[PDB]
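Enquirer: Please see the structure below; I have some questions.
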Amino acid sequence: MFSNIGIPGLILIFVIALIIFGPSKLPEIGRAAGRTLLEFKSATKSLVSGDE
């Protein structure tokens, strides 16, 4: 039924999101967040290090 579709069915749904969002919008967010997240781990390293 709707469970036997698996991923093949996901693409159809995903497209519904693309029309409203766009395939050039999801990658843009990841990249943008990518920079924000990148600095996150660096800040964390200082919390765990708690030393030189």
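Identifiers for the structure tokens are assigned positionally: chains receive A, B, ... in sequence, residues are indexed from 1 per chain, and ligands are indexed from 1 in the order shown.
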For the structure I just gave you, how does DSSP split chain A - specifically, which residues are helix (DSSP H, G or I)? Reply as JSON, numbers by chain.

Expert: {"A": [7, 8, 9, 10, 11, 12, 13, 14, 15, 16, 17, 18, 19, 20, 26, 27, 28, 29, 30, 31, 32, 33, 34, 35, 36, 37, 38, 39, 40, 41, 42, 43, 44, 45, 46, 47, 48, 49]}

Enquirer: If I take CA of residue 10 in chain A and CA of residue 24 in chain A, how far is one from the other in Å, to one decimal?

Expert: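 These atoms are spaced 18.4 Å apart.
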